[PDB]
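None of the figures in this text is laboratory data; all of them are computed from the coordinates on show. Cβ coordinates were reconstructed from backbone atoms using ideal geometry, including for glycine residues, and neighbour counts include every protein chain displayed.
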Amino acid sequence: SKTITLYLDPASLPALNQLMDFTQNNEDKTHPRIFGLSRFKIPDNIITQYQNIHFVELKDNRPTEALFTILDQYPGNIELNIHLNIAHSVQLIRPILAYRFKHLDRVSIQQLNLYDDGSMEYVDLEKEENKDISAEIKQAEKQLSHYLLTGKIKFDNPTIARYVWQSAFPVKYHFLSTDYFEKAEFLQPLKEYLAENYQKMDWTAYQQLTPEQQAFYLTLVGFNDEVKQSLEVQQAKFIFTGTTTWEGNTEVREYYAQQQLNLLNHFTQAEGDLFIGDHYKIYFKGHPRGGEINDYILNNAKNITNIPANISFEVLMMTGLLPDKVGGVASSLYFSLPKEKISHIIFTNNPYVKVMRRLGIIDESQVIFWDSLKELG
Ligand SMILES: Nc1ccn([C@@H]2O[C@H](COP(=O)(O)O)[C@@H](O)[C@H]2O)c(=O)n1
């Protein structure tokens with residue numbers, strides 16, 4: 001049989017890891033590959049070097065039936081090597097299971113590689129604090145069994161169902177935070193259940209690539225020379241991190257733009273509650289989905305250097321280009337940021353807060369929210 005590798009991710013963290021996997025394997029120019037990465041366009045110069053390389057759109061967190069046409073090109077026995085986003089794993093593998101169903105003799109699942117979406121997994125697990133995890137796991141395994149057998153999705157506990165793929169396939173999980181699993185006492189039954197099927201995301205993998213593969217990887221994530229250089233200057237550096245909002249509105253986006261500009265000034269103005277001192281060069285790392293929110297900071301702020309919003313913050317870590325201090329709105333990027341580089345984390349009782357306090361990312365101090373900082377200026 002042939003092995004076909006599928007890389008599916010609507011978000012960004014998993015994509016970063018999958019792109020690394022691609023890079024690590026990039027010597028093989030003919031291994032069938034199917035990219036379903038909503039946030040990363042593989043440039044055409046790289047595309048033209050590979051054969052049997054395919055692309056599928058995602059819609060509603062699942063590949064479209066365009067996937068069937070790709071797969072039909074491989075008439076032999078095929079084994080599926082699948083990389084997914086943990087939070088949306090159930091939906092992302094739905095059409096693959098559907099296709100498998102129409103082709104039992106030829107199509108089988110080799111294994112699954114699951115990666116965290118971000119803070120979302122943790123916030124959702126935090127909400128199961130009061131439940132009997134052990135009982136929840138068994139229900140999940142049983143319901144997953146029904147899905148695999150009927151194609152129908154029905155989970156009493158959709159959060160816990162994300163973690164029971166062991167019962168069906170060889171799987172490896174890559175967690176943003178292993179600590180959460182090891183330290184949260186109510187999750188001890190999930191931890192033991194997972195046994196040897198998980199590991200921490202290895203942010204040092206980049207260091208082990210050859211220099212040409214590094215240049216290659218940088219092209220996939222879009223970390224160009226111009227950005228690299230401004231982060232190599234020899235001066236004290238602070239990066240303000242932006243956030244965004246789902247709420248496809250305007251009054252909310254606008255409000256978020258205003259508050260985030262205010263939060264910036266609390267960091268950068270002498271009268272601010274968060275004032276960092278006047279010995280740092282200021283940088284802005286807007287949120288990749290910030291849109292107008294990011295424009296708003298660049299249009300109204302003063303002596304600040306922009307790090308193109310599309311570049312995922314974790315790329316700076318991999319390339320060793322982390323600044324001295326990082327501050328801004330609570331974000332998935334703070335789960336992997338070295339502790340001594342945290343200036344201050346602000347939020348917009350609260351499970352996101354509970355998660356970060358449990359992980360020690362924030363202390364017992366007293367959470368600062370958006371709306372408690374006065375309008376400076
Ligand atoms: N200011 C920001 C915010 C998020 N991000 C990217 O978006 C991902 C998810 O972030 P949020 O949890 O903040 O939505 C982060 O892991 C990071 O890769 C960024 O690069 N810069």
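Figures for the structure shown
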quantity: Gained length - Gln51 relative to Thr219, 0.36 nm times residue gap less alpha-carbon distance; calculated: 58.6 nm
quantity: Segment 79-228: relative contact order as a whole-number percent, Cα under 8 Å and 6+ apart; calculated: 22
quantity: Two-decimal ratio, segment 240-352, of alpha-carbon radius of gyration to 2.2 N^0.38 Å; calculated: 1.02
quantity: Relative packing of peptides 304-315, 324-335 - highest average C-beta neighbours within 10 Å first; calculated: 324-335, 304-315
quantity: Alpha-carbon centroid distance for the pair segment 119-142 / segment 200-233, whole angstrom; calculated: 36
quantity: Contour excess over end-to-end distance, with Cα ends at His279 and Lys341 and 0.36 nm allotted per residue; calculated: 20.8 nm
quantity: Percent of Cα pairs exceeding the 25 Å cut-off, where the set is segment 1-209; calculated: 38
quantity: Placed amide H near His54: partners under 5 Å, 5+ positions off or other chain; calculated: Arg33, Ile34, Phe35
quantity: Mean Cβ count within 10 Å, highest first, over the residues of peptides 137-144, 126-133; calculated: 137-144, 126-133
quantity: For segment 1-42 and segment 78-104, distance of Cα centres in Å; calculated: 15
quantity: Where only C-alpha atoms are counted, convex hull volume of the chain per residue in Å³; calculated: 152
quantity: Members of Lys102/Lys172; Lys102/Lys152; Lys154/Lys354; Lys127/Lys339; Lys285/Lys341 lying beyond 18 Å, as alpha-carbon distances in this model show; calculated: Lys102/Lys172; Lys154/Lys354; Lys127/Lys339
quantity: Spacing of the two label points (7 Å from each Cα toward its C-beta) at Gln111 and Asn299, in nm; calculated: 5.0
quantity: Phi to ³J(HN,Hα) by Karplus 6.51 cos²θ - 1.76 cosθ + 1.60 over segment 361-377, Hz, x for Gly, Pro; calculated: 6, 10, 9, 6, 2, 7, 5, 9, 9, 2, 6, 9, 9, 5, 5, 6, x
quantity: Cβ-based exposure ranking for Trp165, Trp203, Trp246, in which fewest neighbours within 10 Å come first; calculated: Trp246, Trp203, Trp165
quantity: Ascending count of other beta-carbon atoms within 10 Å, so fewest first, for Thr178, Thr210, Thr243; calculated: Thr210, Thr178, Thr243
quantity: Computed label-point distance, nm, for sites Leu104 and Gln208 using a 7 Å Cα→Cβ extension; calculated: 4.0
quantity: Label-point separation, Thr3 to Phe369 (7 Å along Cα→Cβ), nm; calculated: 5.0
quantity: Gain upon complete extension [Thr30, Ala168; 0.36 nm per residue less C-alpha separation]; calculated: 46.8 nm
quantity: Residue-averaged [θ]222 nm for the chain, counting only DSSP H segments that reach four residues, each worth -39500 (n - 2.57); calculated: -10000 deg cm²/dmol
quantity: Packing-based exposure ordering (other Cβ within 10 Å, fewest first) of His287, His31, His279; calculated: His279, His31, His287
